[PDB]
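Here we start with a single chain on its own, the form deposited in one PDB entry, put down as structure tokens.
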């Protein structure tokens, strides 16, 4: 029942500290919590810091940490989501559910055929909101590590990254199934999910050169948001922690 609140900086070796401005407003003017009340803070280091409000002011809220405890709610499987941005794909939905499902990293991608705009500061503002969505997702589901929403990247450049992870992408011609995958490297997995429309003919061209491994995911055509959530769920149940308490 105790509300979880994220803290922008390290809470280690901290005593009395001001909650971030935004978090302060939520705790006091949204949850309507007052001095003396407790909360569960976390600074993204996989540790929770039980604390209590000491100063509830209109300008901000100060708190006093009561200690530090390790609470690993992370999956042993690493998943890096590479999502192509579009228009009507509900990126917020994807960000939120992906975080709840244990995703470790999310890189918003852009390609020739998708359906978006062009300004960097334009998506840059959206990415900030997506990071906040991730933070709130961790506050809700219990994760004490907040996955980063990297800056806009080019599908070509993303596919060219080297992390020691198994690169995967969906395709109906594929013969491999997430359930029939032979192994998972130490770098985990890099899952690419196309935009609303889907992976263009050129996008599937770059994945082939980068040595991507195509997989099947049912006999039905899934929408973007459904495909990402389903694929992540499948990965977590087959090689992750979706089967643990």
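Residue numbers count along the first chain shown, from 1. Rigid core here is just the name for the largest C-alpha set that superposes within 1.5 Å across the two forms.
The form deposited in another entry exists for this protein as well; it is not shown, and the discussion that follows is about that form.
Checking 53, 28, 215, 199 for C-alpha shifts of 2 Å or more between this form and the one not shown, after the rigid core is superposed, gives a single hit: 199.
Comparing the forms between this form and the one not shown, the C-alpha position of residue 175 differs by less than 2 angstroms, with the core used for superposition. Residue displacement note: residue 72 has its CA displaced by under 2 Å between this form and the one not shown (rigid core superposed).
In the core-superposed comparison between this form and the one not shown, residue 160 has its Cα shifted by less than 2 Å. Between residue 220 and residue 201, the Cα distance is greater in the other entry than in this structure, by no less than 3 angstroms.
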